[PDB]
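**Student:** Opening piece of a complex, kept in its complex position:
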Amino acid sequence: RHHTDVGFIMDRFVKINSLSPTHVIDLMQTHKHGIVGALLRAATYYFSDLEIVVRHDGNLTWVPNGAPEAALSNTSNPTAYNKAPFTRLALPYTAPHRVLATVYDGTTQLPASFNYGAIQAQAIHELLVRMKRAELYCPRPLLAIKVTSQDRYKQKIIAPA
Amino acid sequence: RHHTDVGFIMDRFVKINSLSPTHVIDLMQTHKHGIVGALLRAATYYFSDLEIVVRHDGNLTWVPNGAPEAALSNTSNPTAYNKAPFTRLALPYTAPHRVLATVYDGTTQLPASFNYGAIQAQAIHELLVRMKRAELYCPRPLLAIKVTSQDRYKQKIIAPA
Amino acid sequence: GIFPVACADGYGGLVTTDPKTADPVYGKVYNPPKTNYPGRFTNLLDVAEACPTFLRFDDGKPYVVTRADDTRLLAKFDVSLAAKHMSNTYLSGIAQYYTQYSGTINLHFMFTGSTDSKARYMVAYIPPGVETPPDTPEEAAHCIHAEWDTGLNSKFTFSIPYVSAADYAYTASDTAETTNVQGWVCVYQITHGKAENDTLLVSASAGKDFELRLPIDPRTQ
Amino acid sequence: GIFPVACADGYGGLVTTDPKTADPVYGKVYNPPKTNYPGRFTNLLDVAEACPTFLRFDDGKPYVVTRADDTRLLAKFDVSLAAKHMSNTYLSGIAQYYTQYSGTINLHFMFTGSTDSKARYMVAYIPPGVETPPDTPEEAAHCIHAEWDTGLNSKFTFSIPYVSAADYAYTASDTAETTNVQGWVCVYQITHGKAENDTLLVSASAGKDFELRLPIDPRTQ
């Protein structure tokens, strides 16, 4: 047994669909079948450090949570400047809670708490994110692909010629 | 005696003819008189680690064997991004068998097993491959160039002027 | 007094699997240590040991239709890592994100009639290629088989040895050949005692052996 | 607090012979240790010791036409590292991928007539430039020679000393001169006893000395 202890699984990247001149940062922003979040969604409570990568322009800049967004461009809370083409940072946890989670039933919109935060620039294209030393708590249900045809399942396989 | 123990012979490169937007990866894809495979073909069973080099564009990306090809571009199982002009990776063995081989007589098409796999991109030109720490088992027959003329053989030799 | 700048000729790709790290920035920040919190785990496998599962038949009803009469054949399913019998299955989803896998597989059985009722049943393995499913307990037995009764126990867990071609196999199945990868491994029984309506349950799970190698997305992210 | 970036001025070529390594990616993966598997080896040389070889004559028949009458001359071949006498030869192909080579060379002989038949033969070396092949055993002997009989043995292995110009030589031969590199080293015999039809076999092989330096493709890859 030398896998499925997250310590090796969740240290990769995953694309994110959306962007804008500002853009919230969260895990549940991930696709709900990208192999990253499946395991993530497959659990109840999880914590990690955090690493992120952005291909961009202008001046990438970031703020931790619980902050007045209205005050980012000014006075430049911490950052380093432009350099193409790869740029790689890591943020440490900041949220007001000793653990994250996936969904919080309270009388189904995601709460306003679990917030790695957001970044801002003048031009933003590509996003890479990363989970460190993570751990998970109370795994949750999980699905596979659905069965439609008869036998067992069918699927194409690569092979040389 | 300080050669012909493969540990020095099979740690070089060799061109490969074909490519396509996807492209299987195998040793027997090599030319059957390139000095690399001769020794390789000169044997029955061989194992090694593996190192590969590709001059390319776009996003080189790779998957280990026993996988649904149909799912490569999405979700980006492991990879690093573009950078010209040299790019050098190494893959560790993955095949479902404790050893490779060259040819497997079963009632002459190569089996669907021995599969370092394949890579995919949007533009692919050049290929360099490499064998690590390799070992070989039950050497097989081997030929030289054929004799046509009379004496012993004749061949041009370089020399200054 | 420069040190020889043995520059890099073409390496160092920003790529996926990498183990390289980064620089804390608004860093040097503690957190209240999260020990003593419950629900800790590491292994998809190990948590898939204590937890059993369920199955499915075309009747969409998880339990087994368990006819109780002179019939001899009970019902026959299959166990792939990906098959209609075993989709909604805590293994497969966890599985279907992999290609190499190895080790034994687990099952369960839960009885339904009142304990008084005597009973007989017979789990039985079949290798992929016997070319004919058995049709009698003793000749079924030739491959693999065992027993129990209602007597002295109601639960049970069973296992098939991890037979294969090589000491590993493909998770998904192929569209280039015919023969089933495992068979139709299922159950027989000796004379039913008495029951107006039985029922059976069945699961799978990780155990000492369920292993994997790894990994790639299949899906259409 | 930068360390002096003693940058590289023009080195570090992505080139062939290099010993530099790479970074595992989907890495950290074991394998069942492959010890105790048979057929292990390392050396093309050493495996070319226990294994003998064969030869060829214009008759395309590997064995030797072995006339058995008043004739004195048996037949004469050559031993280059690349010659019509020795193409289909486990050495040469392995050889022809090299340029420098050194050390003694091996042979073999296997008899054909019934053991009762007395016999005589005489292996004999000739240096490249005697300007005349010998035509009598004792004057042939002047270079190098030896004996055996059918008596008390049937096999034999023989060797030529690695004479050369320098303590090495070219594998392929030249198209700028005439003199054969080695000679026409071949065999004589004393009176044949009796035989309706003999036959001889002959090989070569690695031994204590067969060595090389190295390497380049010749072929038209």
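**Tutor:** Here it is on my side, so go on. Numbers count the residues shown, from 1 in each chain, chains lettered A, B, ... in the order given.
**Student:** Output the longest strand seen in chain A as PDB, restricted to C-alpha atoms.
**Tutor:** Using DSSP state E to define each element, chain A has its longest strand at strand A:124-137. Coordinates of each C-alpha in strand A:124-137 appear next as PDB, following Å, rounded to 0.1, in the frame of the first residue of the first chain:
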ATOM      1  CA  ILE A 124      -5.400  37.100 -16.400                       C
ATOM      2  CA  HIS A 125      -5.400  33.900 -18.500                       C
ATOM      3  CA  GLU A 126      -4.300  30.700 -16.800                       C
ATOM      4  CA  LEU A 127      -4.500  29.300 -13.300                       C
ATOM      5  CA  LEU A 128      -2.700  26.500 -11.500                       C
ATOM      6  CA  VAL A 129      -3.400  25.600  -7.900                       C
ATOM      7  CA  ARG A 130      -1.900  23.100  -5.500                       C
ATOM      8  CA  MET A 131      -2.400  21.300  -2.200                       C
ATOM      9  CA  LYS A 132       0.300  20.700   0.400                       C
ATOM     10  CA  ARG A 133       0.600  18.100   3.100                       C
ATOM     11  CA  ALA A 134      -3.100  18.100   3.100                       C
ATOM     12  CA  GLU A 135      -5.400  16.000   5.200                       C
ATOM     13  CA  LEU A 136      -9.100  15.100   5.000                       C
ATOM     14  CA  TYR A 137     -11.800  14.200   7.500                       C
END
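**Student:** If we go by neighbour counts, what in stretch A:99-117 is buried?
**Tutor:** Of the residues in stretch A:99-117, those buried by neighbour count under the rule 16 or more other Cβ atoms under 10 Å in any protein chain shown are A:99-102, A:114-117. Any C-beta I mention is one placed from the backbone N, CA and C, and that applies to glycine too.
**Student:** hang on, I meant stretch C:75-91
**Tutor:** Applying a neighbour-count criterion of 16+ other Cβ under 10 Å, the buried positions in stretch C:75-91 are C:77-91.
**Student:** cool, stretch C:181-193 as well?
**Tutor:** Neighbour counts using 16+ other Cβ under 10 Å place C:181-189, C:192 of stretch C:181-193 among the buried residues.
**Student:** Is it possible to get JSON lines of those residues that adds secondary structure and distance to residue D:135?
**Tutor:** As requested, those are exported to JSON lines (DSSP: H, G, I helix; E, B strand; the rest coil; distance: Cβ to Cβ, whole Å):
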{"residue": "C:181", "secondary structure": "coil", "distance to residue D:135": "75"}
{"residue": "C:182", "secondary structure": "coil", "distance to residue D:135": "78"}
{"residue": "C:183", "secondary structure": "coil", "distance to residue D:135": "79"}
{"residue": "C:184", "secondary structure": "coil", "distance to residue D:135": "83"}
{"residue": "C:185", "secondary structure": "coil", "distance to residue D:135": "83"}
{"residue": "C:186", "secondary structure": "coil", "distance to residue D:135": "88"}
{"residue": "C:187", "secondary structure": "coil", "distance to residue D:135": "91"}
{"residue": "C:188", "secondary structure": "strand", "distance to residue D:135": "90"}
{"residue": "C:189", "secondary structure": "coil", "distance to residue D:135": "96"}
{"residue": "C:192", "secondary structure": "coil", "distance to residue D:135": "102"}
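**Student:** here's chain E, drop it on:
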Amino acid sequence: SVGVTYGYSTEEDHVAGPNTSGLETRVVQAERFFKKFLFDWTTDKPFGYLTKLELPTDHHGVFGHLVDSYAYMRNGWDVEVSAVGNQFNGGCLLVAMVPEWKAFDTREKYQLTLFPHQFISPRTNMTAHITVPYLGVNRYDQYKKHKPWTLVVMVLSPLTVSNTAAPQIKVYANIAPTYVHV
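**Tutor:** Take a look at chain E, now in place beside the chains above:
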């Protein structure tokens, strides 16, 4: 009985601690059983018939008094479920301890038993018995806005009847917090 089966651990706990714990000590007399109605269960319900119960309902208890006190709090939870019948019945029901309950969907039904659980059939059990140690986002909680837990049961086998049995069965359970700190 099958006896107690624990959720994730079995141990005596920390009971006295810092400022708020000093301010919100183990008020033991806040503890008392009572009974809730669960659901009905006859030969009608085919499989998949879910029935959920959010927690915790109001209650005329000292606990219930404080659960309106609308304040930072923590708690424990001890579950003991049963349904009296008679040995001629037959089937299998599923009892469930769910963290962060969400509206399920057909396919995932077949997954329930991830959670701690037991089995429900008139042969093996007659007394479910299960306890969850506390958890939550904060070190404490304030209910009204949220529910960290729920107690759910759903079909796991169709139910059988002969002439000898009772064609209807009610299902009770036992709900009372423990280890309370306010």
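**Student:** since we added chain E, can you redo the buried residues of stretch A:99-117?
**Tutor:** Taking 16+ other Cβ under 10 Å as the neighbour-count basis, stretch A:99-117 is seen to contain the buried residues A:99-102, A:104, A:114-117.
**Student:** Distance from it to the middle of the chain?
**Tutor:** If you compare the mean C-alpha spot of stretch A:99-117 with that of the full chain, they lie 14 Å apart, counting by Cα atoms, centre = their mean, to the nearest Å.
**Student:** One more: stretch C:131-146?
**Tutor:** 22 Å.
**Student:** end-to-end on it?
**Tutor:** Distance between the two ends of stretch C:131-146: 22 Å, counting by Cα to Cα, to the nearest Å.
**Student:** likewise stretch C:161-171?
**Tutor:** Start and end residues of stretch C:161-171 are separated by 17 Å (Cα to Cα).
**Student:** List of residues touching it?
**Tutor:** In this structure, residues lying in contact with stretch C:161-171 by Cβ atoms under 8 Å, 6 or more residues apart in numbering or on different chains are A:157, B:66, B:96-98, B:113, C:81-82, C:95-96, C:98-105, C:125, C:127-128, C:144, C:181-182, C:209, C:213, D:32.
**Student:** Those in helices, which ones?
**Tutor:** Using DSSP state H, the members of the contacts of stretch C:161-171 that fall within helices are residue C:95.
**Student:** Apply the buried test to the contacts of stretch C:161-171 and list what passes.
**Tutor:** Among the contacts of stretch C:161-171, those scoring as buried are A:157, B:66, B:96-98, B:113, C:81-82, C:95-96, C:98-103, C:105, C:125, C:144, C:181-182, C:213 (criterion: 16+ other Cβ under 10 Å).
**Student:** How many residues are close by the closest residue to chain B within chain C?
**Tutor:** Ranking the residues of chain C by distance to chain B (Cβ to the nearest Cβ) places residue C:15 first, at 1.3 Å. Summarising burial for residue C:15: neighbours were counted as other Cβ atoms under 10 Å in any protein chain shown, giving 23.
**Student:** Apart from its chain neighbours, what residue comes closest to residue C:209?
**Tutor:** Closest residue in space to residue C:209, ignoring its immediate chain neighbours: residue C:103 at 2.9 Å, by Cβ to Cβ, 6 or more residues apart in numbering or on different chains.
**Student:** who's in contact with the one you found?
**Tutor:** Contacts for residue C:103 (Cβ under 8 Å, 6+ apart) come out as C:162, C:207-211.
**Student:** who wins for most neighbours among these?
**Tutor:** Ranked by the number of neighbours (other Cβ under 10 Å), those place residue C:210 first, at 25 neighbours.
**Student:** What sits closest to it if chain neighbours are left out?
**Tutor:** Among residues not flanking residue C:210 along the chain, residue C:103 sits closest, at 4.8 Å (Cβ to Cβ, 6+ apart).
**Student:** and chain F on top of that:
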Amino acid sequence: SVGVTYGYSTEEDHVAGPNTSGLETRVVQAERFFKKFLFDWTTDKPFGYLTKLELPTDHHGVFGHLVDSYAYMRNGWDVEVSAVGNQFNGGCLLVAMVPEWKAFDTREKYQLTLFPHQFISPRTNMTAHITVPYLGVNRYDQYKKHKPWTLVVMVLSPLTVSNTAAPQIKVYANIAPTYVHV
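**Tutor:** Placed with the earlier chains, chain F looks like this:
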């Protein structure tokens, strides 16, 4: 005789092992010699006359029963070849133990003796005797789809005759697996 000559090793082997080995133990009574026809050999065949024999043929043996059982298996192989003649013959035949046999071609003929082997001439030998220890891709095998071995012989010298000898000779051999695990 020249005596036994081994293929790659000479040693008593592992016989009892893990789950499948525990499930597929050394069924010793699965072992028994028998005889196969090889080929004919007169003054006709010039050099290069190949004649191959795939392995293993069907056989009315307990071994043969299981080799249809169509299952993961392993095996051993012991070869003992001969051809009775009389001391007035003359020539040289070549016996061959081939791993992963392929259709050869003229030039490579001159290479055979890479493999383990002996010589065939009425003087030196009268009894070939050779054993291959197991190998294969898997730790085990399932035959029908594949053949890891074959037993081949081909000319190595033209054959001579006088009046005293027998103008025809048949060639037998001995084939029986050993060390069987199923």
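**Student:** The buried residues of stretch A:99-117 with chain F there, same question as before?
**Tutor:** Applying a neighbour-count criterion of 16+ other Cβ under 10 Å, the buried positions in stretch A:99-117 are A:99-102, A:104, A:114-117.
**Student:** go on, stretch C:5-16?
**Tutor:** The neighbour-count check on stretch C:5-16 (16+ other Cβ under 10 Å) flags C:9-10, C:13-16 as buried.
**Student:** What lies in contact with it?
**Tutor:** Stretch C:5-16 is touched from outside by A:12-13, A:53, A:86, A:88, B:76-81, B:83, B:85-89, D:5-9, D:11-14, D:22, D:25, with contacts defined as Cβ under 8 Å, 6+ apart.
**Student:** can you tell me which of the buried residues of stretch A:99-117 are in strands?
**Tutor:** residue A:117.
**Student:** Turn the buried residues of stretch A:99-117 into TSV, columns for distance to chain E.
**Tutor:** Shown next, in TSV, are the buried residues of stretch A:99-117 (distance: Cβ to the nearest Cβ, whole Å):
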residue	distance to chain E
A:99	7
A:100	9
A:101	7
A:102	8
A:104	7
A:114	9
A:115	13
A:116	16
A:117	18
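**Student:** Chain C against chain F: which residues are in contact?
**Tutor:** If contact is defined as Cβ under 8 Å from any Cβ of the partner chain, the residues of chain C in contact with chain F are C:127, C:129-131, C:161, C:163-167.
**Student:** ok, now chain A?
**Tutor:** Applying Cβ under 8 Å from any Cβ, one finds that chain A does not approach chain F at all.
**Student:** In chain A, which residue is most central in space?
**Tutor:** Nearest to the mean C-alpha position of chain A, counting by Cα atoms, centre = their mean, stands residue A:27 at 3.5 Å.
**Student:** pretty sure it contacts residue A:40?
**Tutor:** Yes. Using Cβ atoms under 8 Å, residue A:27 is in contact with residue A:40, at 6.0 Å.
**Student:** Look up the closest residue to residue 118, ignoring the ones flanking it.
**Tutor:** Here I'm looking at chain A. Once its chain neighbours are removed from consideration, residue A:118 has its nearest residue in residue A:24; the separation is 4.8 Å (Cβ to Cβ, 6+ apart).
**Student:** let's do chain C instead
**Tutor:** In this structure, residue C:118 finds its nearest non-sequential neighbour in residue C:193, 3.8 Å apart by Cβ to Cβ, 6+ apart.
**Student:** Just list the residues touching that neighbour, thanks.
**Tutor:** Contacts were defined as Cβ under 8 Å, 6+ apart; by that measure residue C:193 touches C:117-119.
**Student:** helices or strands up against the longest helix along chain E?
**Tutor:** When chain E is scanned for its longest helix (criterion: DSSP H), the result is helix E:62-68. Helix E:62-68 makes packing contacts with no helix or strand when contacts are defined by 3 or more Cβ pairs under 8 Å, 6 or more residues apart in numbering or on different chains; DSSP states H and E.
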